[PDB]
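The structure appears right after this line, and notes come after that.
Numbered from 1 within each chain, the chains take letters A, B, ... in sequence-line order. Just the heavy atoms: all of them, side chains too, but no hydrogens, waters or symmetry mates, feed the values below.
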Amino acid sequence: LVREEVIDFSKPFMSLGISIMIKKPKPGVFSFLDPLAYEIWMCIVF
Amino acid sequence: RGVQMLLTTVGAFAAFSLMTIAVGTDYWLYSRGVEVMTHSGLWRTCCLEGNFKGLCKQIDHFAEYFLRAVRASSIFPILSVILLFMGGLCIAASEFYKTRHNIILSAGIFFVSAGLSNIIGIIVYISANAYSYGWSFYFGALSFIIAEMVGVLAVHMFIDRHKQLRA
Amino acid sequence: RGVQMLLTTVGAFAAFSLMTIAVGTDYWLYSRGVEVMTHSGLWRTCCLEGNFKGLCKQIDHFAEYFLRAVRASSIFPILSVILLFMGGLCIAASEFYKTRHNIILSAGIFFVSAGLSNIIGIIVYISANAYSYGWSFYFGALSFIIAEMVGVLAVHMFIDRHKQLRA
Amino acid sequence: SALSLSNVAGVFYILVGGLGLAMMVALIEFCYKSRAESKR
Amino acid sequence: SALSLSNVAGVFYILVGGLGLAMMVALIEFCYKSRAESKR
Amino acid sequence: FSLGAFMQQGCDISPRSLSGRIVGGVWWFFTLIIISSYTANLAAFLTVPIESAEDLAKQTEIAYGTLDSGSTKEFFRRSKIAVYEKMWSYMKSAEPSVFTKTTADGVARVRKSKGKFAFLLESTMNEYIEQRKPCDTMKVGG
Amino acid sequence: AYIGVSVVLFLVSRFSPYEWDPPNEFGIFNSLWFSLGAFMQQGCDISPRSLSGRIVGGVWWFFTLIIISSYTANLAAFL
Amino acid sequence: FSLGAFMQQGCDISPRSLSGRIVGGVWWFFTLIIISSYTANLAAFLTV
């Protein structure tokens with residue numbers, strides 16, 4: 001808006017948007033519990 | 001049998017109180033559905049953060065129809081509370097009638113059935129939901145555990161009474 | 001009894017020596033890390049060949065931080081050495097007090113615990129690595145088997161002493 | 001990728017139904033034996 | 001493809017912890033029984 | 001008995017009464033189904049910080065910034081959203097200055113900061129840099 | 001782990017004089033047989049009855065379940 | 001005994017001698033490997 005008040009813009013030729021860039025970045029010891037949900041384990045114990 | 005009877009009475013009262021609190025309160029699920037961090041229960045949804053702190057809505061629970069109806073009515077947690085109350089009544093009545101041994105057997109059966117219905121209610125609740133779990137859910141789980149232990153104690157007392165009678 | 005106890009003493013000394021050598025030496029692993037072929041132990045890497053053959057450099061060790069701390073401290077191999085030493089001390093002191101039967105049991109428990117901590121240390125080392133293994137790795141692996149066999153021998157002596165005492 | 005309780009709740013229902021059925025059978029047998037003993 | 005020791009190191013830890021726990025339980029019972037025998 | 005049955009082992013006793021055998025049979029069926037579902041892909045499961053702008057706003061460990069003069073700094077300046085107002089409030093008093101002279105300098109700062117810095121820039125430039133060497137940056141959130 | 005489990009099972013099943021004719025059938029040879037039969041999913045002729053022996057048996061059963069299931073699942077991928 | 005071991009079903013007897021236990025152990029290892037290889041893709045062969 002602030003630029004449009006002093007210069008004329010054509011119709012957009014490419015879309016965009018503010019985004020977030022971060023640096024990029026093996027299961028735990030208890031990875032054997034992964035195949036079943038935590039609720040399933042609780043109900044199995046019960 | 002005095003220590004066992006005291007432990008059974010204390011455990012029965014503890015299980016009943018825990019299950020009653022779990023059914024009564026509104027800290028079963030820490031979800032995000034209003035969307036600002038609401039804590040839910042078996043019947044209400046209250047906002048833990050935002051412009052509406054302290055306002056509690058009413059949960060809309062509506063094969064699939066049967067699951068929704070059973071989750072809405074909460075027949076199984078309420079039935080577990082009722083069975084725990086009946087087991088406590090049997091425990092109390094067994095003192096007045098020290099010669100009728102089947103009352104303690106009835107108490108044990110009631111406690112085991114209450115635990116089983118608590119299992120069923122937990123299964124129905126978790127299935128109907130599909131976040132974290134609040135202290136009412138764990139109160140219900142602890143009530144199940146204590147109900148099972150107290151039922152074991154009651155059955156053991158029944159066996160002990162009949163063995164002593166046989167001797 | 002004499003032959004059994006001689007076997008126990010010889011095995012205890014062999015296991016202690018093997019574990020101490022495995023901890024103190026540097027031929028645990030043959031890896032092309034530092035990128036020239038190198039033999040690495042618990043505490044340092046030494047260049048196996050090349051220009052600077054024989055130069056030794058201390059290991060640079062630094063959920064995951066805990067694993068690296070445990071591996072860097074090498075608390076489990078050293079604990080296995082210490083427990084083996086205590087078991088040997090119990091075996092040596094058992095002749096001094098021939099009527100104290102629990103010293104043999106203490107030695108057996110010490111040897112079994114030393115073997116278990118050896119297992120834990122081996123697992124921690126292999127996990128923290130993530131090539132071939134040298135003779136110091138297989139000295140500690142051999143020290144585990146003897147410590148478990150000497151732990152079986154000491155328990156049998158404890159049982160035999162009490163079987164004799166019961167008659 | 002994990003398996004959810006909704007996928008395997010039917011086996012829990014079957015298990016609890018079987019536990020209830022076994023309790024009912026045991027209680028029925030006990031009641032019959034007790035009544036027969038009382039008659040004797 | 002071949003899963004390594006790091007993938008299954010937790011179950012080994014649990015196994016050794018259970019072995020240690022069993023030894024501790026057995027030794028506690030032995031000490032209690034020895035105290036009872038000595039007192040008696 | 002119940003433990004050994006689930007672990008697919010078996011014990012030295014077995015129920016002999018009708019009700020005990022009903023309990024054993026239903027527990028065996030439950031064990032069969034649950035263990036078959038568990039062990040179907042056990043090996044697969046063994047071998048397998050910022051999600052949005054509110055995550056950046058609510059934390060302090062990771063610093064964020066924009067270009068010195070551009071549309072993004074102005075967007076954060078006049079934004080009336082609470083999260084973006086907080087983000088601009090942090091940026092204005094951030095020391096050292098988080099505003100970068102060029103996009104490339106900000107990307108280099110992100111790469112060299114070891115995950116302690118986040119760069120707010122247009123989606124097109126982020127998509128370009130993401131798919132270039134050394135491939136050590138990525139876009140988070142929408 | 002097999003060696004350690006068998007040794008600990010024998011120890012906890014036979015060391016104490018206050019349980020002793022053997023109190024059970026869990027000498028070192030029979031402990032090794034029990035552990036091998038548990039691991040191979042081939043059942044067992046005997047089973048432990050003490051609390052500590054049952055702890056050893058349970059942790060061994062959990063270990064062999066996880067390990068054998070992992071082996072079979074990964075072999076299915078290898079094949 | 002051997003048939004029950006192969007079917008992974010067990011029987012009411014088990015060897016007690018060292019040599020009999022060696023035979024049982026090697027048969028158990030053979031059964032484990034062969035059955036694990038056989039049952040990996042059994043339904044795929046049934047359907048095709």
Side-chain angles (χ1 to χ4, degrees), chain E, chain G residues 1-20 22-24 26-28 30-32 34-41 47-79:
Chain E
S1 288
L3 59 88
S4 65
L5 190 60
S6 305
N7 294 0
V8 290
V11 69
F12 281 90
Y13 297 145
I14 291 178
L15 181 63
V16 180
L19 298 182
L21 166 65
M23 281 197 279
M24 181 205 98
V25 163
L27 280 174
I28 282 178
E29 210 197 349
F30 166 75
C31 289
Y32 171 77
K33 295 259 195 84
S34 296
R35 264 151 211 161
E37 181 97 339
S38 175
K39 274 162 171 153
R40 184 221 61 51
Chain G
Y2 165 79
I3 290 168
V5 162
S6 313
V7 168
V8 172
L9 180 56
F10 150 69
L11 164 62
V12 306
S13 299
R14 283 284 184 87
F15 74 96
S16 175
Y18 310 113
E19 54 197 344
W20 276 81
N24 46 17
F26 274 103
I28 180 60
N30 279 340
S31 301
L32 294 154
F34 172 86
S35 305
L36 193 72
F39 193 76
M40 301 304 197
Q41 322 275 310
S47 186
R49 284 212 160 231
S50 45
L51 172 65
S52 49
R54 276 172 182 198
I55 294 170
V56 176
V59 292
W60 187 235
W61 289 353
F62 165 82
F63 176 97
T64 176
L65 183 63
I66 301 305
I67 289 311
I68 288 305
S69 298
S70 302
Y71 173 84
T72 315
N74 210 3
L75 177 139
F78 266 77
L79 286 192

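- Within the 4.5 Å cutoff, no side-chain heavy atoms of G:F10 are placed close to those of G:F15.
- Under the 30°/60° scheme for interplanar angles, the aromatic rings of G:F26 and G:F34 are found to stand perpendicular.
- With rounding to the nearest 0.5 angstrom, the OG atom of G:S50 is 11.0 Å from the CZ atom of G:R14.
- Classification of the G:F63-G:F39 ring pair by plane angle, with boundaries at 30° and 60°, yields tilted.
- Of the two parts of G:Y71, neither the backbone nor the side chain holds a non-hydrogen atom closer than 4.5 Å to a non-hydrogen atom of chain E.
- Residue contact with chain E, scored on non-hydrogen atoms closer than 4.5 Å, is absent for G:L9.
- Chain G forms the most heavy-atom pairs under 4.5 Å with one residue out of E:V25, E:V8, E:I14, E:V11, and that residue is E:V11.
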